[PDB]
Amino acid sequence: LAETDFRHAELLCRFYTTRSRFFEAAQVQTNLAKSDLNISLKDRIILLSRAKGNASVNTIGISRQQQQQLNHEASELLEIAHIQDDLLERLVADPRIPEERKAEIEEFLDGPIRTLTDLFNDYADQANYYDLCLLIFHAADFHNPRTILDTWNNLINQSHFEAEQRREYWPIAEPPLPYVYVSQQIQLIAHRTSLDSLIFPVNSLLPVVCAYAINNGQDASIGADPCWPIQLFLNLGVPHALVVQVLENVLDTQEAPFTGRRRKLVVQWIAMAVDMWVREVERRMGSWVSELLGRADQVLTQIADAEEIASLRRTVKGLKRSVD
Amino acid sequence: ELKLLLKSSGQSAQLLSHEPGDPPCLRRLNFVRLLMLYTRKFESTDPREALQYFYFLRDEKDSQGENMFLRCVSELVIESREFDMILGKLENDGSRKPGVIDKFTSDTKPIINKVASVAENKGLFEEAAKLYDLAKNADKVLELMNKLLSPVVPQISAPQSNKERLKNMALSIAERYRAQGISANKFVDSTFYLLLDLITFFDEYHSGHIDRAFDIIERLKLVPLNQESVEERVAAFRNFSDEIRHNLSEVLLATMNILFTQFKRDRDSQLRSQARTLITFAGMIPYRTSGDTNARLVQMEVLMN
Amino acid sequence: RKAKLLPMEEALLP
Amino acid sequence: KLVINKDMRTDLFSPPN
Amino acid sequence: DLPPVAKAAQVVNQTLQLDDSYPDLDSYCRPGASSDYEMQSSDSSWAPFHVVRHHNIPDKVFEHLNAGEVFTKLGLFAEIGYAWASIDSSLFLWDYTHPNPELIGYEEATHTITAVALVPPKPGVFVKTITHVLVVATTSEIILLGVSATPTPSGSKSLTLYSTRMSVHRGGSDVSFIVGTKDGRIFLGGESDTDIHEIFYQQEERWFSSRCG
Amino acid sequence: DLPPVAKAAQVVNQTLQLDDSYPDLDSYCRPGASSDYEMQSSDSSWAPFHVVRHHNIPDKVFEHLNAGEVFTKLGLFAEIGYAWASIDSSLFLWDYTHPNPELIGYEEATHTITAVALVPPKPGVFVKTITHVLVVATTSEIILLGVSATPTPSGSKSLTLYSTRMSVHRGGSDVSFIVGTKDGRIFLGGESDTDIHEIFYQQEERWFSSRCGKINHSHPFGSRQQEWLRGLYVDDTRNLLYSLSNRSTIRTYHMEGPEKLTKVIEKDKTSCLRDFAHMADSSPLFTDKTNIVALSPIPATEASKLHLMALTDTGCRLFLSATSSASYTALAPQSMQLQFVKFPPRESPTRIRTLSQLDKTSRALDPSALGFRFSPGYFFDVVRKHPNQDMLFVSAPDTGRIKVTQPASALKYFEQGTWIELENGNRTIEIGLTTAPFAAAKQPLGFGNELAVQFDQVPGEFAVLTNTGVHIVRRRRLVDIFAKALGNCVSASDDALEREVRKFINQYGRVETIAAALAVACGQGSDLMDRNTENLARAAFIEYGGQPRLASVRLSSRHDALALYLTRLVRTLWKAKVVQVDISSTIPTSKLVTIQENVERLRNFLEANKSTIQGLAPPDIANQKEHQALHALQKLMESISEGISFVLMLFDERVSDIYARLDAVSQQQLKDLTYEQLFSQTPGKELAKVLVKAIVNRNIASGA
Amino acid sequence: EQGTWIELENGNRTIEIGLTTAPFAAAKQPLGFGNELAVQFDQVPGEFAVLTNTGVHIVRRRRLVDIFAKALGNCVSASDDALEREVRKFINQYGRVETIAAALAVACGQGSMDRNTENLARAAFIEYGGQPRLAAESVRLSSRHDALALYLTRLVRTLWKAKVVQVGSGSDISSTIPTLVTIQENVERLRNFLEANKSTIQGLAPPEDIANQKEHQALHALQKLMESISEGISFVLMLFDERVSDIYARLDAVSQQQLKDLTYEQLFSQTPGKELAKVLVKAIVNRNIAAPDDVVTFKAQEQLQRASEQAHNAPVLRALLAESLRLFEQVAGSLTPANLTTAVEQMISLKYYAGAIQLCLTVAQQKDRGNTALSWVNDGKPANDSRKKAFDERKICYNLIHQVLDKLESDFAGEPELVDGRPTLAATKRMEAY
């Protein structure tokens, strides 16, 4: 009866789970989400979400490999189905799309789970949904450092625009400053990506966010924390030892916009990062960090806000003591 | 104390020696070693007197920079294990009766961490917590308290057990940390008060107070009970402390067994719906013993129907 | 170390 | 498995037929 | 002149004063009359109220209700989430928020129960764990019971009854209405006349008085 | 008829006005009440705040504190990154940002210290290098010390103390609260009575008057009942001073002159309760048993009517207006009324992640022991449900939802909230702002627009002082949340991003979301994997940017996002004069550099994706005007960069010398030249061509 | 009045109706008492149990935000100019400001697909919020601004004028711990919404002009208050997380009495409140020891406090002392006379004479790197000059050096400079110091 009735396959899955044959249930829930049956997409999200759980715990008799073999398959589809759902939700509410096409989309998407190729081309990339384009790259293990970075740049700019138009309009409540909305759109990916190195490369993305924080003036001028790019990545779970490893690379090369007296801000970032690092070690790094903080001091004298710099030098020399 | 003794710069030299860059007719005394020998004799059972002699080393440091007096107090505490006497006992009421070292320096934050640091490195978490808590270092107190609680979350709290002896100290640290408005970073802190709630969830579950225990788990919004919350609850599990994800298996089963018992006693539809919710959540979550747990959860839901 | 208190002469003008 | 093909798509901003 | 968070605090202060100047009842119910209504369909998104859930009366009291011979009555203790039913000389409480509720019964009463109420206790009479006093009026006596509605642990307040050895003769005047004050004063009235009675009760045993009057 | 840069400048001007129309506080806190919250887990990428680091109290301070015979006290100087500890008659300051600070000791005092504060100096009194005055109150006297907090290379102020010979005997009234005004006025209050004193001081010694004096502004007499103060609060923008008493009475004082202080309002808890009863929604969270534990002034720049926030011990935020009887003679108010109440949230903190009427009964913030509000509404509440552990509730306005809400009559005080847990034993003492006060505009409309200033000022940071250390809490911007969320989508499907993006669109709208993606793609938020996040942001900007359509055309959300981002990068420049006449530059050079770098990184991003971004490459009328609009914006960007380079070149020379050897008309044209005119109007270009033709002439005289 | 008919399905008779939630009250006097709007985020909506002979039915009061949210729910599938129609109904009844404040609240997750509704509320907050204009200098801010001030005020109304603490002899917090957390979470939600829409909210991004500029200023002010509110609450939660009364008992009287009458308003928006917060944190920092500048200074005090708490272990004591000095020197220029004195005294007690002196000299040199003092002495010390300050800050360090040397000869009064031939430890400390 499960073969032609969704609500009877429901009991068979309940039958197995009261008896603790968890794998056999996820085996049906997964095989049901992949079916040709008339099941809504949001139900298939429940099925795969239950299948992922029932296939996460050991069940008597069934191997560890076949248990993970099913959990991996179900988890993959759930990630895709979530993209497809979040995609359809946005396409339907998109004023740029004709009401005639929206019906043609909804019939195609609101059902079985399509390929990421179909989701990307005929929909996600056309609409310039840059955030959902990245989720597809992650869900597809898409190996390409450039296009991943190019998409991040477009996602940041389009986000900055939507927030600056809002601030200009204020629009029911006081909207957030641009970097705040940009910060939201990264957190949304960071939790959802689970911080894969391919689509979230701090080696390149952090300079981009720090560059955006300068080229678009998201700093003390508008009342923002000047070290908000560092605060963002640290709190997102990026290792302190890596953030300082990147700011080191930024302070030496001096590629624009990190040039001239703007490097005063680079040192402020380094002070915040390293300070949050020693405070995280003293709560619970080598010569190269001391080499940097001392080298960071040359920058402050080479730049010599006459009192800000002076106060900042004494924050750097304080960290050099804390490491040595 | 009369600037007449010629101390030996290097601490690696013998007791008596002549510096290479000095005239041969004068000799030098390794004063640091001199006191270190005399002290070892009566440092074991007479700590108070030892400190009086260690003070003369206050003006000297070692190759690593530590203050010789402070280091000598660390080594003397690690060995003698005389915490209340030398460091000052911090009672469970919020008082800090000063110790013998308080006389010599008012900055007692480093050594209390030094002594707390080694005892932490020797798996003596229950002590490292008391010591870190003595220096009001909640970042470390709550960290260690998270480790000592997670293993004991689902266990049976029985008189004089390791659960009572740890729960009761954790609560004595929850009050003193709220009455004094102290807290570590939200990650460490959120997990610490979350475990305390779960410990209450199982203490009520093991007592048969099913209704009361069901209400607690509902507040925590940790396990979804209506299908709408599954998406958000599933995302939250990804960034919750592993000391919590570890005990997810026992939480789902207790919650299920709770609904399971209440069923045998419309309402039937509501329990049935919630039963389903737990399964789909567990299905989408990769966690400890997901195999045996996901199976048992499904069986208990079948008996309901 | 007791903080060095520089004189009033520098502090207030003129 | 992902394959980008910007060449032949379906105009997302035009109705069908 | 003024810094940012100071200017904003001024707006907040003024805003607070605006909300606290919402008209009082006397000023929009001035002498005269009114028939001003905007009616809304029950299912409308503009409905001022709506039903959120219903809790069926447990079957075990439906059995007791039909086992009634002369008198039955129902009532509410909404402030602690309990309901009650009296059948002749028997009383039954239950938590209506609970799905499979246990019956808390009190069948010591000898005569038909005519009124019951839940009232605050008089201060300095009982141990602090007693949140309320349960007044039970029969055709013969007015009986006081101790009550602890402490919140164990999830939905409604777990409920326990305590005897007090406090009872007064009912007298000639029926009791159908029992009300209580903040400070534990207990007033009575009924369908025999317009007289209002009050129950006093004390901690001590005195030779000239009684614990309960 | 109208060229590209002039067309794009029109978009900028209209975008600036849109950001400056962000609703004022009075408009979404109208008379009534609200319980609107969206709660976020503290470990979530959507958290509105998060802890970035912590600084333990130095061990030497613990030695002194446990060596306390009678009395000890801790406090914060968050403006300069310093904390202090008093032990009996001794005081110790230290820089808490420094990893191994040295203690600045001051032990001249003879009696127990009861209050310490850092205030601005009185102008024309001290040498310019004196940045602050340190007020030290004991049981016998108040002492003034000069302070110089000059910044150091490390980023933490160097603090040196100066004697002053300025002191006065205290008298019979305890001093537990000291506050200072912008002009250096020093006000005192304490736990003996409700009187307010002021300390005067002057440079010159006179035979008829001392260098330092003290007066009681309250002029008390006759019968007086017991009542004392819980705090003092200043609002310079209104020349007001507020006191809170132990009976929850709020008193308002007006500074009608440089030496006068007049009590103008006295509102007891009964009056507040009467206002509350006249509101539509009354609540058992506010009764005659309830205590007001803290006040927070609201400046006139933020709101016209709402003057003050008051926090109850049940967690209710009472917003009070104040009004003057007349409109002309600063004008002192004479009435204060409780107008609006924000009731507490319902969600309690949990270890495990848990799963439309006005909620006026929540106990989640009961008891509230300490409370703080910072513009544009950042709220910190120390909830002390248990006597050992404090829980920190932190919330912010939902700026994104407030900005999109339409119409104006639908505006409510939407908030994003979170719970930050402090470890067992952490008792919160004080919370202070470490960054510059927030302000997106100079008047209530536009003031609270966080989105507009994401790239002009660093995110707000707050120092939370406990009995064990100082915790730094940082406000998170949209771009911070967006970048973090995308960082979690790196390992997921094409549909995983679309789902996360739809969350942002439903809250912030499509334009703000795509603008955040553009910003992240350009490296914003990276001052905090990063290549993949920026590449995901690029993918979101392309895939979800929309398209142009016939309604005169409606340009894509991708275009509006580019215009919004670009506008916000130059909002501090556009309408500003280029110069200030000894001629100098209105905008500091360091600020012009960062702005230029941001504009250039945006340009670099568009060039590297000219082939993949719709509208950049040439393409029917809709896509045509889309191409023209995008082209005009890019021409404005290069013009902006050229204009900034020109200003930097100008001030590298000796402009005053060039300005002298100049005709009057060109001096006047340069006097009122704005950056907008330089960027987008021929007269700025023509004048630029004159200045270059003049600087080289001068350069030849120097002949370097 | 607003009314409706509720039919509970036939055949059952109503017996009684009782209040299940706490009694309603928006104020403590008739004026302001009935303002439901002010309390829709403080109070649970009124719930009522209706007892019939078949069961208990639960009836709930619906707030403005509940009605606004559900109404928007009916506009998801519906048209574009259908929202405008539905919004005008609310405006004609509640007024523009109240209406927009409701949209803001629903956009922030208040209210009874929920994402579509929240996005719709956001849209209303933008498109219908109005704009700033000048009257007949003076400007009338937009309804969008008023709405924001209104929503924020109602979130903090319970605690704004409330005292932060309650004192009987060393004890309590006025507003409960769990309510402060929810208030904080609510405010942080608001803040988040503003940032997440910095671009599209008019007035948030930077900018006839005077109007839009003062609009921008007022919105900025509101946002700085929010983060201040968040910080303030975060601070009070930290207080009662540590041992509080222990601090209080060891305070002044002006410090004790300032904390007594400290309101949340003062903490949030007045200098004396910030100053006291600083005093309090400073106390809890110099007790666990008992901005990288203000952080280091605390750790240094913690190191020095632990040293004095030792049994004297040359390794541990010397390490703590050596490190304490290391840290203090990094923040020498910022050290206050009170912190320096206490530090030196503690070092003196632990026989760390040289170290103490080295700190004082370092502090003197850092508070005056231009040697304004040397020139002021070389110029005869002209009164009325402003180098005196620079000289005074060095004299405080030099005096403390006198105390060190004084205590040194005192501690070692009678001690021999040589024992058995070579120098003692008391002698070497004299040489090391000098």
# chains A, B, ... in the order shown; residues from 1 in each chain; ligands from 1
>>> residues_around(residues="residue 227 (chain B)", least_positions_apart="3", cutoff="10 Å", atoms="only C-alpha atoms", output="PDB file with C-alpha atoms, in the first residue's frame")
ATOM      1  CA  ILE A  46      10.307  16.298   6.203  1.00  0.00           C
TER       2      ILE A  46
ATOM      3  CA  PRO B 224      10.981  20.142  17.947  1.00  0.00           C
ATOM      4  CA  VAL B 230      11.941  21.206  12.538  1.00  0.00           C
ATOM      5  CA  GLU B 231      13.802  23.380  10.028  1.00  0.00           C
ATOM      6  CA  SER B 273       1.836  14.389  15.835  1.00  0.00           C
ATOM      7  CA  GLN B 274       4.598  15.185  18.338  1.00  0.00           C
ATOM      8  CA  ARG B 276       6.262  12.037  14.417  1.00  0.00           C
ATOM      9  CA  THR B 277       8.133  15.318  14.906  1.00  0.00           C
ATOM     10  CA  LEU B 278      10.807  13.732  17.100  1.00  0.00           C
ATOM     11  CA  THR B 280      11.900  13.417  11.527  1.00  0.00           C
ATOM     12  CA  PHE B 281      14.213  15.545  13.648  1.00  0.00           C
TER      13      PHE B 281
ATOM     14  CA  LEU F 355      11.369  25.117  18.762  1.00  0.00           C
TER      15      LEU F 355
END
>>> closest_atom_pairs(of="chain F", to="chain B", cutoff="6 Å", atoms="only C-alpha atoms", output="CSV")
residue,atom,partner,partner_atom,distance
F:51,CA,B:185,CA,5.8
F:59,CA,B:107,CA,3.5
F:60,CA,B:107,CA,2.6
F:61,CA,B:107,CA,5.5
F:62,CA,B:107,CA,5.1
F:63,CA,B:106,CA,2.2
F:64,CA,B:106,CA,4.5
F:350,CA,B:194,CA,4.7
F:351,CA,B:194,CA,3.0
F:352,CA,B:222,CA,4.1
F:353,CA,B:222,CA,3.6
F:354,CA,B:221,CA,1.3
F:355,CA,B:221,CA,4.1
F:384,CA,B:178,CA,5.2
F:386,CA,B:175,CA,4.8
F:387,CA,B:179,CA,3.1
F:388,CA,B:176,CA,2.3
F:389,CA,B:178,CA,2.2
F:390,CA,B:178,CA,3.6
F:420,CA,B:186,CA,4.4
F:421,CA,B:189,CA,4.2
F:422,CA,B:183,CA,1.7
F:423,CA,B:183,CA,3.3
F:424,CA,B:177,CA,3.7
F:425,CA,B:177,CA,3.1
F:426,CA,B:182,CA,1.4
F:427,CA,B:181,CA,2.4
F:428,CA,B:181,CA,4.0
F:466,CA,B:182,CA,5.9
F:468,CA,B:136,CA,5.0
>>> select_by_dssp(residues="region 280-313 of chain G", states="helix (DSSP H, G or I)", output="list in words")
residues 280, 281, 282, 283, 284, 285, 286, 287, 288, 292, 293, 294, 295, 296, 297, 298, 299, 300, 301, 302, 303, 304, 305, 306, 307 and 308 of chain G
>>> write_last_selection(atoms="C-alpha atoms", output="PDB file, in the first residue's frame")
ATOM      1  CA  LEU G 280      32.070  48.534  39.304  1.00  0.00           C
ATOM      2  CA  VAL G 281      33.818  46.558  36.531  1.00  0.00           C
ATOM      3  CA  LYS G 282      37.113  47.955  37.811  1.00  0.00           C
ATOM      4  CA  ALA G 283      36.310  46.494  41.231  1.00  0.00           C
ATOM      5  CA  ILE G 284      35.567  42.988  39.938  1.00  0.00           C
ATOM      6  CA  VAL G 285      38.753  43.093  37.833  1.00  0.00           C
ATOM      7  CA  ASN G 286      40.995  44.134  40.741  1.00  0.00           C
ATOM      8  CA  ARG G 287      39.482  41.259  42.742  1.00  0.00           C
ATOM      9  CA  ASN G 288      40.018  38.209  40.513  1.00  0.00           C
ATOM     10  CA  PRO G 292      44.080  45.937  24.738  1.00  0.00           C
ATOM     11  CA  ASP G 293      45.082  48.691  27.171  1.00  0.00           C
ATOM     12  CA  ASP G 294      42.139  48.267  29.547  1.00  0.00           C
ATOM     13  CA  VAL G 295      42.276  44.474  29.223  1.00  0.00           C
ATOM     14  CA  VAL G 296      45.991  44.075  29.922  1.00  0.00           C
ATOM     15  CA  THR G 297      45.751  46.263  33.031  1.00  0.00           C
ATOM     16  CA  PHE G 298      43.233  43.794  34.475  1.00  0.00           C
ATOM     17  CA  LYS G 299      45.283  40.675  33.739  1.00  0.00           C
ATOM     18  CA  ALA G 300      48.286  42.387  35.324  1.00  0.00           C
ATOM     19  CA  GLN G 301      46.301  42.953  38.517  1.00  0.00           C
ATOM     20  CA  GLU G 302      45.163  39.326  38.369  1.00  0.00           C
ATOM     21  CA  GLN G 303      48.741  38.101  38.018  1.00  0.00           C
ATOM     22  CA  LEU G 304      49.934  40.271  40.900  1.00  0.00           C
ATOM     23  CA  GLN G 305      47.033  39.185  43.109  1.00  0.00           C
ATOM     24  CA  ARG G 306      47.817  35.504  42.538  1.00  0.00           C
ATOM     25  CA  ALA G 307      51.492  36.091  43.351  1.00  0.00           C
ATOM     26  CA  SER G 308      50.564  37.390  46.799  1.00  0.00           C
TER      27      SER G 308
END
>>> closest_residue(among="F:377, F:4, F:545, F:284", to="chain G", atoms="only C-alpha atoms")
F:377
>>> atom_distance(atom1="CA of residue 224 (chain F)", atom2="CA of residue 256 (chain G)")
21.6 Å
>>> residues_around(residues="residue 337 (chain G)", least_positions_apart="4", cutoff="8 Å", atoms="only C-alpha atoms", output="MDAnalysis selection string")
(chainID C and resid 1:5) or (chainID F and resid 91:93 103:107 161) or (chainID G and resid 341 396)
>>> write_last_selection(atoms="N, CA, C and O atoms", output="PDB file, in the first residue's frame")
ATOM      1  N   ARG C   1      53.305  51.077  41.893  1.00  0.00           N
ATOM      2  CA  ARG C   1      54.017  52.349  41.806  1.00  0.00           C
ATOM      3  C   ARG C   1      53.045  53.526  41.863  1.00  0.00           C
ATOM      4  O   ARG C   1      52.142  53.635  41.034  1.00  0.00           O
ATOM      5  N   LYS C   2      53.237  54.399  42.853  1.00  0.00           N
ATOM      6  CA  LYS C   2      52.425  55.606  42.954  1.00  0.00           C
ATOM      7  C   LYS C   2      52.587  56.457  41.703  1.00  0.00           C
ATOM      8  O   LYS C   2      53.709  56.791  41.304  1.00  0.00           O
ATOM      9  N   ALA C   3      51.463  56.808  41.085  1.00  0.00           N
ATOM     10  CA  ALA C   3      51.489  57.573  39.846  1.00  0.00           C
ATOM     11  C   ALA C   3      52.122  58.941  40.063  1.00  0.00           C
ATOM     12  O   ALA C   3      51.788  59.656  41.014  1.00  0.00           O
ATOM     13  N   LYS C   4      53.046  59.303  39.173  1.00  0.00           N
ATOM     14  CA  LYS C   4      53.666  60.621  39.197  1.00  0.00           C
ATOM     15  C   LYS C   4      52.632  61.678  38.824  1.00  0.00           C
ATOM     16  O   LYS C   4      52.066  61.637  37.729  1.00  0.00           O
ATOM     17  N   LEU C   5      52.386  62.622  39.735  1.00  0.00           N
ATOM     18  CA  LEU C   5      51.420  63.696  39.515  1.00  0.00           C
ATOM     19  C   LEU C   5      52.188  64.942  39.074  1.00  0.00           C
ATOM     20  O   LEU C   5      52.806  65.625  39.893  1.00  0.00           O
TER      21      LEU C   5
ATOM     22  N   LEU F  91      43.141  54.088  45.143  1.00  0.00           N
ATOM     23  CA  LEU F  91      42.539  53.955  43.820  1.00  0.00           C
ATOM     24  C   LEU F  91      43.568  53.438  42.828  1.00  0.00           C
ATOM     25  O   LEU F  91      44.726  53.868  42.842  1.00  0.00           O
ATOM     26  N   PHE F  92      43.137  52.528  41.952  1.00  0.00           N
ATOM     27  CA  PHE F  92      44.022  51.908  40.967  1.00  0.00           C
ATOM     28  C   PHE F  92      43.326  51.859  39.614  1.00  0.00           C
ATOM     29  O   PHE F  92      42.237  51.289  39.497  1.00  0.00           O
ATOM     30  N   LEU F  93      43.964  52.443  38.600  1.00  0.00           N
ATOM     31  CA  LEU F  93      43.480  52.440  37.226  1.00  0.00           C
ATOM     32  C   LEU F  93      44.365  51.542  36.372  1.00  0.00           C
ATOM     33  O   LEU F  93      45.545  51.343  36.674  1.00  0.00           O
ATOM     34  N   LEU F 103      49.583  49.034  36.858  1.00  0.00           N
ATOM     35  CA  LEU F 103      48.553  49.689  37.655  1.00  0.00           C
ATOM     36  C   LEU F 103      48.962  51.127  37.949  1.00  0.00           C
ATOM     37  O   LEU F 103      50.026  51.373  38.523  1.00  0.00           O
ATOM     38  N   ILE F 104      48.111  52.076  37.550  1.00  0.00           N
ATOM     39  CA  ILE F 104      48.283  53.484  37.893  1.00  0.00           C
ATOM     40  C   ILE F 104      47.681  53.676  39.281  1.00  0.00           C
ATOM     41  O   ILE F 104      46.462  53.729  39.440  1.00  0.00           O
ATOM     42  N   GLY F 105      48.536  53.786  40.296  1.00  0.00           N
ATOM     43  CA  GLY F 105      48.079  53.918  41.669  1.00  0.00           C
ATOM     44  C   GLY F 105      47.975  55.374  42.101  1.00  0.00           C
ATOM     45  O   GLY F 105      48.815  56.200  41.752  1.00  0.00           O
ATOM     46  N   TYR F 106      46.926  55.672  42.863  1.00  0.00           N
ATOM     47  CA  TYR F 106      46.728  56.993  43.454  1.00  0.00           C
ATOM     48  C   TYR F 106      46.211  56.790  44.869  1.00  0.00           C
ATOM     49  O   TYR F 106      45.081  56.330  45.057  1.00  0.00           O
ATOM     50  N   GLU F 107      47.033  57.144  45.862  1.00  0.00           N
ATOM     51  CA  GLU F 107      46.742  56.847  47.259  1.00  0.00           C
ATOM     52  C   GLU F 107      46.870  58.082  48.146  1.00  0.00           C
ATOM     53  O   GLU F 107      47.042  57.948  49.361  1.00  0.00           O
ATOM     54  N   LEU F 161      48.461  61.533  35.102  1.00  0.00           N
ATOM     55  CA  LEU F 161      47.655  62.304  36.036  1.00  0.00           C
ATOM     56  C   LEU F 161      48.373  63.586  36.441  1.00  0.00           C
ATOM     57  O   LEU F 161      49.602  63.622  36.553  1.00  0.00           O
TER      58      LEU F 161
ATOM     59  N   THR G 341      49.754  52.915  42.584  1.00  0.00           N
ATOM     60  CA  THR G 341      50.065  52.841  44.006  1.00  0.00           C
ATOM     61  C   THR G 341      49.821  51.434  44.544  1.00  0.00           C
ATOM     62  O   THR G 341      50.709  50.829  45.141  1.00  0.00           O
ATOM     63  N   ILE G 396      54.459  61.779  41.156  1.00  0.00           N
ATOM     64  CA  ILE G 396      53.713  60.705  41.805  1.00  0.00           C
ATOM     65  C   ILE G 396      54.463  59.384  41.681  1.00  0.00           C
ATOM     66  O   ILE G 396      54.403  58.536  42.573  1.00  0.00           O
TER      67      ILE G 396
END
>>> residues_around(residues="residue 313 (chain G)", least_positions_apart="6", cutoff="10 Å", atoms="only C-alpha atoms", output="PyMOL selection string")
(chain B and resi 36+39+50-51+53-55+57-58+67-77+111) or (chain G and resi 307+319)
>>> residues_around(residues="residue 3 (chain B)", least_positions_apart="5", cutoff="9 Å", atoms="only C-alpha atoms", output="MDAnalysis selection string")
chainID G and resid 416:418 423:432
>>> residues_around(residues="region 8-11 of chain C", least_positions_apart="2", cutoff="8 Å", atoms="only C-alpha atoms", output="list in words")
residues 6 and 13 of chain C; 126, 127, 130, 146, 162, 163, 164 and 165 of chain F; 376, 381, 382, 383, 384, 385, 386, 387, 388, 389, 390, 391 and 392 of chain G
>>> atom_distance(atom1="CA of residue 561 (chain F)", atom2="CA of residue 612 (chain F)")
16.8 Å
>>> closest_atom_pairs(of="chain D", to="chain F", cutoff="10 Å", atoms="only C-alpha atoms", output="tab-separated table")
residue	atom	partner	partner_atom	distance
D:2	CA	F:494	CA	9.5
D:6	CA	F:612	CA	9.6
D:12	CA	F:547	CA	9.7
D:13	CA	F:547	CA	7.9
>>> write_last_selection(atoms="C-alpha atoms", output="PDB file, in the first residue's frame")
ATOM      1  CA  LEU D   2      26.851  20.298 -11.680  1.00  0.00           C
ATOM      2  CA  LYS D   6      24.791  29.590 -20.172  1.00  0.00           C
ATOM      3  CA  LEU D  12      12.961  33.307 -16.952  1.00  0.00           C
ATOM      4  CA  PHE D  13      11.430  36.741 -17.737  1.00  0.00           C
TER       5      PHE D  13
END
